[PDB]
Amino acid sequence: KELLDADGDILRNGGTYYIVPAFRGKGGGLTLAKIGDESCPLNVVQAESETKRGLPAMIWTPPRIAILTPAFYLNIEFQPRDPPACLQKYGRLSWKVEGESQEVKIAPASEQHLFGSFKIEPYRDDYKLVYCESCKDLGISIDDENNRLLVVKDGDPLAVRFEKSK
Numbered sequence: 018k019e020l021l022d023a024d025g026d027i028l029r030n031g032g033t034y035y036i037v038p039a040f041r042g043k044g045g046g047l048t049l050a051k052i053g054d055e056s057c058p059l060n061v062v063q064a065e066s067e068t069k070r071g072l073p074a075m076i077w078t079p080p081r082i083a084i085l086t087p088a089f090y091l092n093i094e095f096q097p098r099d100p101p102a103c104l105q106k107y108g109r110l111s112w113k114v115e116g117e118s119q120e121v122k123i124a125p126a127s128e129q130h131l132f133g134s135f136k137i138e139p140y141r142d143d144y145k146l147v148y149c150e151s152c153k154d155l156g157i158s159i160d161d162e163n164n165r166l167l168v169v170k171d172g173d174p175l176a177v178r179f180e181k182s183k
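All letters in the sequence shown, in the order written, are residues 18 to 183 by the numbering used here.
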């Protein structure tokens, strides 16, 4: 199966997309939030408002191939226009999974791996994101303050689509 954006174009290696929900009524696209006692927004979350596309995400794999497929391991990097000061010296805001909490967060730059651990898979009529420590679905878990945390949640994936950032 081919990985397509919402227009029908195959996803590009190194392309930038908004990662938006395929279903209505439970939040918008993927973005960052500060959680708990953290002063910096290091958690990947779904936007509370369905009207929001979230942050552009650059998706890439080391092989010098022009398109992406479900077989490739991916790095996913948020590219905000106006990153908060605490994240301005990162260079790349790459996703990781924290092993003990299973939360998707932004990695320190020194921790980023050449091959990422994410993949994109068809899911019903849309797509899902998976994390490969076998691979497990990423889904949403609500915290005490109603933040919609992106977490490993095997069997309850967040269904997503990809919109070109432009």
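A virtual CB, placed ideally from N, CA and C, is assigned to each residue, including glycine.
- Query: Which residues does DSSP pair with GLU94 in a beta bridge?
  - Reply: DSSP lists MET75, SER111 as partners of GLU94.
- Within 8 Å, strictly: CB atoms of residue 7 and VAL177: An answer regarding residue 7 cannot be provided, because it is not within the stretch 18 to 183 covered by the chain.
- Straight-line CA distance for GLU150 to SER134? Distance between the alpha carbons of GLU150 and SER134 is about 7 Å.
- Query: So does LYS106 have its beta carbon nearer than 7 Å to some heavy atom of the ligand GTP?
  - Reply: With respect to the ligand GTP, the structure shown offers nothing to examine, as it has no ligands at all.
- Ordered along the chain, which non-local residues of its own chain (more than five positions away) have a Cβ less than 7 Å from that of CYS57? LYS51, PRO101, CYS103, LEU104
- Message: Assuming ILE76 and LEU131 are in contact, meaning their beta carbons sit under 8 Å apart, how far apart are those beta carbons, in whole angstroms?
- Response: 15 Å between Cβ atoms; not a contact.
- According to DSSP, is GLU180 helix, strand or coil? strand
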